[PDB]
Each structure stands twice: as structure tokens, then as C-alpha cells.
Amino acid sequence: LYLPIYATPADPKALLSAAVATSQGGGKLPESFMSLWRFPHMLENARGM
Amino acid sequence: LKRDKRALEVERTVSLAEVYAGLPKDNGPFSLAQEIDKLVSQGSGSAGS
């Protein structure tokens, strides 16, 4: 005589994704070297480089 | 640019008449005056070593 209760499933969860970052240290300068070129020429050189 | 640097200068004068006239006596020392003007005239010869 008793009709059982019709328990019913809930909605699916929203899948979630994690987005993390990466970090890497600052750079370091080389040692400067003195050279025989007057500044305008060594500047045209470096600018090309 | 790092390796190459200003090379210093000299001008030396070298006299061949003194080089041969001052030749160490284990080779026959001679001034070019008396061998040019006979190796012009004769078809063969030598001096020094």
C-alpha cells in the first residue's frame, strides 16, 4: 500500500581550474670593458648590435 | 674588440751595404760595390753564404 518517496539527484558541480604563476629572478650586469673607440663610433656599433 | 689593442710603431732604417759589410767573418764579408760591378760583367758568381 505504501508508495516510496522518489528521491531525486541534484545538479552537477561546476568543474573549477587553478591558474598559478611562475617567477624568476632579476638579471645581473656584466663587467664593463674600456675600449679605444671614440663615442660616436662605438655608439653606431652598439646601435647596430 | 677585447683582444685587439693599439700596437706601437717604429720605423727602422736598414742598410743592406752595412748588413753585408758587417757580416760575421764565418761568412765572407763584402760590400756590394765590388760584387755588383763584376757580377754585372761576368755571367756567374757569388759572395757571402
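Sequence positions are given from 1 along each chain as written, possibly unlike the numbering in the entry, and residues without coordinates are left off. Numbering of ligands from 1 and lettering of chains from A proceed in the order in which they are written. The displayed chains are a subset of a larger assembly; all values refer to this subset. Think of the side-chain values as coming from all heavy atoms in the structure, minus any hydrogens and water.

Method of structure determination, per the deposited record: cryo-EM was used for this entry, reaching 3.6 Å resolution.

A. Up close: the packing of aromatic side chains. Residues and elements named next belong to chain B. In this analysis, rings of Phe, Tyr and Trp, with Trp reduced to its six-membered ring, are considered paired at centre separations within 6.5 Å, and the interplanar angle assigns stacked below 30 degrees, edge-to-face beyond 60, and tilted for intermediate values. In this structure the tally under the stated criterion is 1 aromatic pair over all chains. For the ring pair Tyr-20 and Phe-30, a centre distance of 5.3 Å and an interplane angle of 35 degrees mean the geometry is tilted. Of this pair, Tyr-20 sits in helix α1 (residues 16-21) while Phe-30 sits in the loop between α1 and α2 (33-39), and the two are 10 residues apart along the sequence. Residue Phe-30 is classed as buried on the basis of its relative accessible area, which comes to 13%. Secondary structure elements follow DSSP: runs of H or I of four or more residues count as helices, runs of E of two or more count as strands, with numbering from the N terminus. Exposure categories follow from relative accessible area, calculated using a 1.4 Å probe and restricted to protein chains: below 20% of the type maximum is buried, above 50% is exposed, and the middle band is partly exposed.

B. Highlighting the environment of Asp-4 of chain B. With respect to the helices and strands, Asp-4 of chain B occurs in the segment before α1. By relative accessible area, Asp-4 of chain B is classed as exposed at 62%.

C. How the structure looks around the interface of chain A and chain B. The interface is formed by 5 residues belonging to chain A together with 4 residues belonging to chain B. The buried area of a pairing is the accessible area, by a 1.4 Å probe, that goes missing from both parts when the two are put together, added over both. Between chain A and chain B the total buried area reaches about 390 Å² when both faces are included, carbon and sulfur atoms providing 81% of it. Think of a salt bridge as a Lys or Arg side-chain nitrogen and an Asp or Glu carboxyl oxygen that are within 4 Å of each other. Remark: the boundary between chain A and chain B carries 0 salt bridges. Whenever two N or O atoms come within 3.5 Å, that pair is a polar contact, provided that in protein one can donate a hydrogen and the other can accept it, and provided that, for residues adjacent in sequence, both atoms are side-chain atoms. At the boundary of chain A and chain B, one finds 0 residue pairs in polar contact. Residues are grouped as follows: nonpolar covers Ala, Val, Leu, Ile, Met, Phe, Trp, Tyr, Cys and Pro; charged covers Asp, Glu, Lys and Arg; every other residue, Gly included, is treated as polar. Across the side of chain A that touches chain B, the residue classes break down as 5 nonpolar, no polar and no charged. Between two residues, a contact is recorded if the distance between any of their heavy atoms is within 4.5 Å.

D. Region of interest: the side chain of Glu-35 of chain B. Residue and element names in this part refer to chain B. Note on placement: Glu-35 falls in helix α2. Here the positive residues are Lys and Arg and the negative ones are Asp and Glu; neither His nor the chain ends is included. Despite its burial, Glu-35 pairs with no opposite charge, the nearest such side chain being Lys-38 at 6.8 Å. Excluding residues that lie within four positions of it along the chain, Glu-35 makes contacts with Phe-30 and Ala-47.

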